[PDB]
Structure formats: C-alpha cells, structure tokens
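Chemist: this one's structure only:
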RNA sequence: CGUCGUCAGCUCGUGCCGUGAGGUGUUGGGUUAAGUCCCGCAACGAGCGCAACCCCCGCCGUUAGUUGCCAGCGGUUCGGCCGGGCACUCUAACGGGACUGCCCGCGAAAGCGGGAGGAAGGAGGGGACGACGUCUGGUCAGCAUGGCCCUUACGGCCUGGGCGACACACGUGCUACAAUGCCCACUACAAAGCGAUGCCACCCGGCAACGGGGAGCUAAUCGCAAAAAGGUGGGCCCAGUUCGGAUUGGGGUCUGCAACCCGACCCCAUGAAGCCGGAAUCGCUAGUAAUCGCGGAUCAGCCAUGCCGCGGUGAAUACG
Ligand SMILES: [Zn+2]
C-alpha cells in the first residue's frame, strides 16, 4: 500500500485484466469487498461506528 | 466415485456437465 | 484483546447510525465513499468547533449533513460567512448539491468523543495523564451521567514502557445490551508517539 | 363436513384435512402409499388415527411442502393429530399422553465458524 | 492435451521481425522476451534466443518443434 | 482404431520426440518428474516411486 | 392500478412510510390492497476479526433489505394528491409503476 | 458425565413388531443414518428366518440376544503397580448394548455376500448357541472367572 | 486480535481487626450453569463480571394479502392454467405464552423430587456478548505512529522470470480400498442465497465442454436449479473387479493481450497406489456425531479437496 502502487486508479490497464479492486480507504488490496470498496478490516471498523448504513451485526 | 470425472457423481462432485451428466 | 465497540454492539437499539439512507448494488459503494469524503474535511476543519457527530441523511441529489458541535459559533462564522465557505467547499466535492445544518451540543461533558478529545489534547500539551483522566471522569460524572470511564493508552508521560491508565465512576455496564453508553476515541500524536484515548459515558438505561 | 390441523416438523408443513369416509389418503395427489413409495417409516403418520380407532372411519386429503419425506411424515402425523381434535376435542385425553400433539422442536444446528460443522471441531497433531 | 482455439497466437515483435529476415533469406540470431508466442513454420531454420528471465538462450528452431512455444525450450529454474 | 502394440509404439514414439527436442515437457520425462505442472515438493510418489528418505533437520518445527 | 414498491433498511421507516400511503389514498381511490410484506433479502459479510492471521476470529455483519407493496387500483386524481407530495422518511426509497 | 447420571434415550418401538429392542438392533445396523436400508435389512432378514426356519422371526431374535449377553466381564484397573483385570457383573443395560453390537459385528463378519442374509443366519446361529456372536460372549466370561483371583478388587 | 476462559472470578467505599504487609466483606452451611440464590456472620452496600435487556428456531392470534389453495363453486389446452376467494401454507410486523405461576412431597429458606395443563419448562434449543489481569503473545505488511536508515537511489516504470522449485520430514484435508457397494435408467421431497452485460428459459449445431439464436427477470411473479442421499427396475457377482481414479499420450472448449514455465473444463485412450493402515493420535453427548447434496463471499478465468453458511437422512454411549 504505497502511493506509488496505487496506480490502480490509472485505468490505463493496457489490457483490462490488469485491473484490481484495492481498498478505497487503506489500499488493502488483499481482501477488498466489492459492495463497499472497503477491505475486510475497514468494513469491520466502520460497521462498528455506524457509518455503514443499515449494516447491523448479524446473529442467528 | 466422487472422484471419477467421467461418471455421474464425478461430474456432480466437480459441479459440471458433459457426456456423463448432460443438462437433460 | 477482547470486547466489541459499545456502539456497533448496540446499533439495533440505544444508538442510531451516522448515515441513514437507502441505496444499493451499483451505488452504495459510491454513495458511501462520498460520506467519508464529507466527514473527512469536517473533522479536518471544524476541530476547534468541537466535532462530535456527522449525521448524513439522503433522498436524491439533495444531501443532508447535520454537524453536531459544542461551539456552533466557530462553525457558522461571522454573521454566517464561514458556513458559506464550507457549505460551498462541500459541493466542490459533491456536485450533489447539499445542505449543512448545525446543532449545538447540550453539555459537551456528556459527549464521549468530546471528553476523549478533551483528554487527548491535554495529553498533547504535556499534562499529567492520571490527573487529566480523573478530572475528566469527574467533569462527566459531575454533570449528569449515571456512569463514566476514561482510558489512556501507553507511554504515559513519555515513559519508555507503555502503560495504561484507568478511572471510572458509577455503573458502566458494557455487557448490558441496552445501557446507552456513549463511546468516544481520541488519538494524540506526540514527540514520543501516538497514545489513544477512550471515553465511556453511561446515561439512563431503558 | 370437514376437519383441519396443520402440523410442522424439522421444517415441514402438512395441511391435514380429515373427512368422514373410507379411510384413504391423498398426499399431494398421489396415494398415501404412492408418495411414500417404500419408506419403512410412513406407517407412522397415521398412528394418531389408530390411536382412537379412526382411519377406517375417516379419510384424509393432505398437502405437504417443505423438508424431506421423513420430516413430512412427522408433520402429517401431527396434522392428523390436530385435526383429529377439532373433530372430537375429547381425543386429547388419549391422543396427548402419546405425545402426538407436540411439535418436535429439533431443528438443524447453525454452523458456527472456527468449526467444521457447528460442533465437529478441526483436529490437531503434536499439540 | 493443450489448446488455444481459433487463432494461433504469436507476438509480432519477432514475427514481423523474423519474416523480414525471410526476405534476405535468414540472419544470424534474434532475441525476444516473447516466450509467450507459438512457433510458426517461418521460424524454422532460424535461431531465436529466448529469455530465462535472466539470460538469452540460443534456440535452433527445427520442424519437429513447430507447434510448441519457444519458452518450452528455454528452461527457467535451476535444479540439481 | 489404432490398438495394442502399434499404439504403445506411437505413445512411446511421442514421448521420445518432445524428449529429443529441448522441450521442457520432454525434460520432465527424462528427470522423471510430473509433466502436467503439479507440485513436486510433496505428492509426486506416483511419478517418483517409493519415498527415498534422507537425514534431516529436527528442531525447526517441520510439522 | 398503481403498483407501489417500497424498500428500506429499517423495518419501521417503511411500516411508517408505506402506512402513510395507505391511510392517505384511502380517501381518493379504491381501498388499497393493504401494505403486503414481501420477503427480505439479507447480505452477510463474514470477516476475520483482527488483521494478520487468527483465521478463526470472524464476527458476522448483515445488511438486510426490506420490501413493501400496497397496490392502489382505481386511481383517482385526489389519490395522486394525498400522495403526490406528502412523504416523510429519509431511510426509504420508492419505485412505482402504475 | 460428572454431574447427572445421564438417563437412557428411550426409543420409539418397531414399525412392525412395535418392539423397542428391535429398533435398537436396527440402529446398530444403520450407518450414515441411512435408517431405511437399515430397517430393510433387518426385515428382509426376518423373512429369511421365516423361510429357512419355521419359527417366528421375532422370537428367534430375542432368543439370540439372550445367548449373546455376557453376564460377567473383565474391567481393567490399576492396583499397586500392574493393571489387574478385575472380573465383575454386567449391568442389564450394558448386556444389551454388547449383545446387539456383537451380533451386528459377527454378522458382518460372515461370508454370504448379502447383508440381509448375514444378519438372518447370524441370528439363527446365535439362537442355537453357535456363531461368532456367542463366541465373543463366551470368550468374555472365560476371560473373567480366569482372573477371578483379583475379584477381591470388587470395584 | 489471539489466549488462559464463558472460567466464576476481580475489586471498591465506609465500618471493624492488625505495629504492619494485610485481613474482614469474597469466609462458613444449603443450593446453583454462575461470587446463582438462601440461611449464617463485624460487617453494611456497591462497581467490573454472571444473569437479564438484543438475534435465530419451537406454539397461538391480529394486521397484510399478485406466496398460497376447489380449502369452496363454474370452466379447462384439467399446468392452480381461468374467473374468483383469503380460508390455509407462507411472507414480515406486532401481540400473546413459561413465572417452579398451579397440585402433592421434603426443606428454616433458597430449592430438590413428583404430577396436571401446555407447542414448550424449571436456563426449551442455537447465537451475539468475554471481568481485573496474564503471555515483554501477534501485527510497524492494512491503516496509524516515536526513533533509525535510503535518497540517481533501500525510491519509480517496464518486459521476462520467481512466489508453482525437490532427495526428503510434518500438519490440515480430498478421494478411496468396495456388495449396508459401484454403474445406467426412471421417478420424489429442501433450505438459504445470488443475477446488467448479469442469471441464462427455450430452439438449433456438437458425444461433450461449448458455440449460434433468443424469451423473460430489473428478480416471493423470470434464471442459476439438477438437490444428493432416497424409492423403483436392470446390470456387476467378490475379481484389484463395471472397485479405485493417480499417472501419461492425443484431440478439443473457454476466459484472458497473453494460459511453456503456470488456468479450469470436455471427449478418447491410459488405468497407478490402494484389499482398511505401526508406535502414537483427533472429533463429537442429539437433530449432535456420521453421511448427502445446495448457496455465497473473493472473482476475467482459477488450481475451492479451503472458508463462511444451508437443508436432507439420522445413531451409539456415558457405570462412573
Ligand atoms: Zn481498508
């Protein structure tokens, strides 16, 4: 997660297979959920704050 | 068994279709 | 390393969300990244105003945003000149076209985020940690609240060994799913390093 | 004229309709012995009847959807047990002591994380 | 049991560079990083030097090895 | 169909080929290791034969 | 025959919302098909609790979406009057197809 | 079981003989919860006991269980160093569990290719007093009463 | 964030005891899943924890009916297809219900045993939830951050290779050694999910993967989807086999600029080890184990036999 390696936003894939999610908050490329643009961590951090609209804690 | 890729189960297990587990 | 966020834990009850708006699939991620952009600047700016919460409602290209402050003045500005700068700096971020209300905090002494920041700051100024803490719990405890508690991380006093300071009064049931405990965290950059600050305030119950 | 009793088991719902008649049963159309073609358990469902010497006195139309033919066999058994009460509410005295009027609450157990099957915990070696 | 489909792929770095040499006959060496390319007849007789990922190894391309893919003749790892 | 001996002749003939040309796939035949790109750090006994145990390094949780 | 479909995250921000729509038009059109529920679609997000390892941490998060219908047959101007511009909830979003 | 005295699960009687003991035996035949195939096998067998034997299957069965129930068994125990095998009675409860288990085991130890038969023939042999089932049973008692010296460690 | 540990504990205030560290309370007797409660007592109360308040499953009712059914009537291409109807199933929102509340027995009390009613009990079943602290626990590689170090580079772009190497050792798993089985055919019951260039109906070309064409769906109203185990009929006949599918030769599809290194899938041929596993060792107390298939996230594709979750069938045993 180096500024330098956030060339992901560059579109210019030369070929669209070189495209890759990346966290829209920490750059955590490794486990980024689509529906949020966030990585498994941030998703959890924000869900705790309440900044994830209608994203309550599951249980059953 | 579940492992023979050219049998009913072998196809079901591998979640696929072919001459051994046709669509219908 | 245990215990959940007291808020996220209670979201179903005794605590509403900071962004209450429907959306989905193709939008949600875009319509959310925004909210963070919003909150981003507000906290970066309205610091001296005393930030505490940033509600963000929506319906369509007419956002809400209801910054909550201790010093509503600092926000607004002279006659309302600043609420002009920001409110505009806002659309230079979201063409969306959005409002910008401002509610005042009735006693910043019951705002976990505030009490936290309050302590976070003192610590940055080099005040005695344990004192600042005890004081804080007192203020909070001394102006309502059926319970309060503050926690400072480590490297108290710049000490080479990271410690952890306490302080608490009255019921502060983290387990009771219905307490209504305000949680607030404050950082604290320093010559020697970061030191997190946690504020917990208990009010009523049911 | 007609009698009703639902009946649910391990996630199965059975609409049980008794009607004074021969003693046959139409489960989802097919004959009782046709839907449960070869299931040593089937016989169970009608046990609440033999309970009070019914069957060859009643008749039953039954709709069954949900679960498996085994769970259905118990839902239906409960249905025939309930309906048999709207008819004569006096049946309880003998129908209940058998427990036919209970709703077996045994359901699948949630699959917890960290474990392979809700309980089946993963194994270790030279721990 | 390999397979590409319809359109035998060959990078045109060496392609249009190998046949250009077909005009004057052949040449004396080549060198491409395109070990990704399939081998076509026009390559026969030639001598393309492929990249290990470290070196440029000289590979004489004969008929018997047409359908293959250059890299299959330029070993990567070093063992024993 | 091409059956029996004549067939084993073909197959053998094939292998011999990709084996004569620097063909990596052919080297995998020479070296006697799996050809269809599988792992050779573990599980290759069907192609290697019986395990050929050697001395090793204990205390270094090879578990 | 104006088919309304209401979706929201809060099962109250709808029962409130979609219920207004029922009492309102119940004085300018048919009699409404009552706010019929409709199955909820839940989204689960199972995440490892901490960063770096601890494969068995977890903790579950779900984003349940609720739906409502209603349905007003016999549309009569005033219906599209009591409704047209008199809503209130913010955590809701409608879609209508008469 | 540190606390309670774990009570015995009561089983629903047979769907043909209404005999609980039968369900039990059928459960011991069952594997992977395929209780149908399990029930079948035992019934097919009961009909094999009807043909080759003019007796009622149900009575042949119970007779079997009877001869296969051990009345004395040896239980290990550490007593001053060595682990002496102490001989002792067998609960009525445990007798059954063992009898049924042993039958199915010896039954699946027979040769006849058909599952339903092995059970059929095993049961009969057991009734007569012969068969792999009764072997184990008599082997157990032999084991005890052969260690009836350490029986003063009664337990 | 993991962990002891969901363990039943850890403390405070004032009082009292002690020169003091400290003690008392928190110990004792009964009881409990529990520092749970009861009785006792120089202690009287309190805080964190237990429990409860929240979620899913059990039963009933109200509201709501494009899910549902002749329940009930007329028609039928007799498909709940048509009209019609909300009863029922269901969908989702709310309300009721359990509290040792009632009856008998013992007890000082808490409560223990038993019984009735009840869908259900004596914490009805499963989650969320983890105290004061411990391990100088884990992560500066998610992010944040003190200090140290590098700045034509310890930065940056690219092509290619590597992370996929192997004589070997271990862990977690998948498939299996077969007849309570394998194969072919016919036929039947599920839940929870996901779908815009996305799910893909149906029709055609292909043995097939898949290709061409194209309807509906914006998704309780269309698609993924076939559930598998199972039931019925046939084949196999105990053999390394119609078990088992490794490995290898060939042909080919598909994604992607590109599948040598290094993708998955299909079809032909090949058809290995394996006939139930030494010492040693792991899981689980009921709808659990065992067994069977189904979905999802990530994601072009995929090395998923992993992970998170769903329902089907459904035990043994616990003296101690
Ligand atoms: Zn992130």
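Modeler: That came through fine. Numbers count the residues shown, from 1 in each chain, chains lettered A, B, ... in the order given.

Chemist: quick one: stretch H:46-60 to chain centroid distance?
Modeler: 19 Å (C-alpha atoms, centre = their mean, to the nearest Å).

Chemist: now do stretch H:29-39
Modeler: 17 Å.

Chemist: Can you name the residues in contact with it?
Modeler: D:38-41, H:15, H:26-27, H:41-42, H:104, H:119 (C-beta atoms under 8 Å, 6 or more residues apart in numbering or on different chains). C-betas here are computed from N, CA, C, even on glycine.

Chemist: So which bits of it are buried?
Modeler: H:29-30, H:35, H:38-39 (16 or more other C-beta atoms under 10 Å in any protein chain shown).

Chemist: what helix or strand does the nearest residue to residue H:116 once chain neighbours are set aside sit in?
Modeler: What sits nearest to residue H:116 in space, not counting adjacent residues and going by C-beta to C-beta, 6 or more residues apart in numbering or on different chains, is residue H:44, at 3.8 Å. Using DSSP states H and E, residue H:44 sits within helix H:35-51.

Chemist: and that helix, does that touch RNA strand I?
Modeler: Yes. Judged by C-beta under 7 Å from any atom of the strand, helix H:35-51 comes into contact with RNA strand I at H:35-38, H:40-41.

Chemist: going on from that helix, what's the next piece of helix or strand?
Modeler: Per DSSP H and E, the first helix or strand lying C-terminal to helix H:35-51 is helix H:57-68.

Chemist: Now do the buried residues in whichever helix or strand comes after that next one.
Modeler: Where DSSP H and E defines the elements, the next helix or strand beyond helix H:57-68 is strand H:72-75. For strand H:72-75, burial by neighbour count (16+ other C-beta under 10 Å) applies to H:72-74.

Chemist: go on, stretch G:57-66?
Modeler: Buried positions in stretch G:57-66, judged by neighbour count with 16+ other C-beta under 10 Å: G:59, G:61-64, G:66.

Chemist: helix, strand or coil for the spatially most central residue of chain B?
Modeler: In chain B, the residue lying closest to the centroid (C-alpha atoms, centre = their mean) is residue B:11, at 1.6 Å. For residue B:11, the secondary-structure state derived from DSSP: H, G, I helix; E, B strand; the rest coil is helix.

Chemist: what's the burial count for the nearest residue to it once chain neighbours are set aside?
Modeler: Residue nearest to residue B:11 in three dimensions, not counting chain neighbours: residue B:21, with 3.4 Å by C-beta to C-beta, 6+ apart. The number of residues packed near residue B:21 is 18, by other C-beta atoms under 10 Å in any protein chain shown.

Chemist: Residue B:21 against residue B:12, yeah?
Modeler: Yes. The pair residue B:21 / residue B:12 is scored as a contact, 6.2 Å apart, by C-beta atoms under 8 Å.

Chemist: Residue of chain C closest to chain F, please.
Modeler: residue C:1 (24.9 Å; C-beta to the nearest C-beta).

Chemist: Please produce CSV containing the buried residues of strand H:72-75, extended by distance to residue A:37.
Modeler: What follows is those, written out as CSV (distance: C-beta to C-beta, whole Å):
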residue, distance to residue A:37
H:72, 73
H:73, 68
H:74, 69
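
Chemist: from these, which is closest to residue F:31?
Modeler: Checking the buried residues of strand H:72-75 against residue F:31 by C-beta to C-beta gives residue H:74 as the nearest, at 59.0 Å.

Chemist: Enumerate the beta-bridge partners assigned to residue G:68.
Modeler: residue G:6 (DSSP bridges).

Chemist: For it, which residues are in contact?
Modeler: Going by C-beta under 8 Å, 6+ apart, residue G:68 touches G:5-8, G:14-15, G:17-18, G:35-38.

Chemist: Show me what the longest helix belonging to chain C packs onto, helices and strands only.
Modeler: In chain C, with assignment by DSSP state H, the single longest helix is helix C:28-45. Contacting helix C:28-45 under the criterion 3 or more C-beta pairs under 8 Å, 6 or more residues apart in numbering or on different chains; DSSP states H and E are the following elements: strand C:51-55, helix C:82-91.

Chemist: Report the contact partners of residue 22.
Modeler: Unless you meant another one, I'm taking chain A. Residue A:22 sits next to A:6, A:8-9, A:28-29, A:32 when contact means C-beta under 8 Å, 6+ apart.

Chemist: Hmm, no, I was thinking of chain H.
Modeler: H:13-14, H:16, H:42, H:58, H:61.

Chemist: Quick check: phi and psi on residue H:13?
Modeler: Residue H:13 has phi and psi values of phi -50, psi 170 when expressed as degrees, to the nearest 10.

Chemist: what about it, how many neighbours?
Modeler: Residue H:13: 13 neighbours (other C-beta under 10 Å).

Chemist: Tell me, how many residues neighbour the residue of chain F found nearest chain H?
Modeler: Relative to chain H, the nearest point of chain F is residue F:43 (28.5 Å; C-beta to the nearest C-beta). For residue F:43, the neighbour count with other C-beta under 10 Å is 11.

Chemist: Which secondary structure element is home to residue A:34?
Modeler: In this structure, residue A:34 is located outside every helix and strand according to DSSP H and E.

Chemist: Tell me how far it lies from residue A:24.
Modeler: As for residue A:34, its distance to residue A:24 is 11 Å (criterion: C-beta to C-beta, to the nearest Å).

Chemist: Show the contacting residues for residue H:103.
Modeler: H:25, H:28, H:64-65, H:68, H:119, H:122-123, H:126, H:133.

Chemist: residues in contact with the residue of chain E found nearest the ion?
Modeler: Going by C-beta to the ion, the ion is nearest to residue E:53 of chain E, at 33.2 Å. Taking C-beta under 8 Å, 6+ apart, we find residue E:53 in contact with residue E:76.

Chemist: and chain D, which of its residues are near chain H?
Modeler: D:38-41, D:43-44 (C-beta under 8 Å from any C-beta of the partner chain).

Chemist: Give me the buried entries from these.
Modeler: D:39-41, D:43-44.

Chemist: Strands - which of those residues land there?
Modeler: Among those, DSSP state E puts none in strands.

Chemist: can you narrow those residues to ones near chain C?
Modeler: Of the residues in those, proximity to chain C by C-beta under 8 Å from any C-beta holds for none.

Chemist: quick one: which of those is nearest residue C:26?
Modeler: Distance to residue C:26 across those (C-beta to C-beta) is lowest for residue D:39, with 48.9 Å.

Chemist: The closest one is in contact with residue D:69, isn't it?
Modeler: Yes. Residue D:39 lies in contact with residue D:69 (C-beta under 8 Å); the separation is 6.3 Å.

Chemist: Find the nearest non-adjacent residue to residue F:23, please.
Modeler: What sits nearest to residue F:23 in space, not counting adjacent residues and going by C-beta to C-beta, 6+ apart, is residue E:72, at 5.4 Å.

Chemist: rewinding a little: in JSON lines, list the buried residues of stretch G:57-66 along with secondary structure and distance to chain C.
Modeler: Output for those, formatted as JSON lines (DSSP: H, G, I helix; E, B strand; the rest coil; distance: C-beta to the nearest C-beta, whole Å):
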{"residue": "G:59", "secondary structure": "coil", "distance to chain C": "8"}
{"residue": "G:61", "secondary structure": "strand", "distance to chain C": "9"}
{"residue": "G:62", "secondary structure": "strand", "distance to chain C": "11"}
{"residue": "G:63", "secondary structure": "coil", "distance to chain C": "9"}
{"residue": "G:64", "secondary structure": "coil", "distance to chain C": "11"}
{"residue": "G:66", "secondary structure": "strand", "distance to chain C": "10"}
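
Chemist: For residue C:139, grab the count of nearby residues.
Modeler: Residue C:139: 18 surrounding residues under other C-beta under 10 Å.

Chemist: That one: which element?
Modeler: helix C:129-141.
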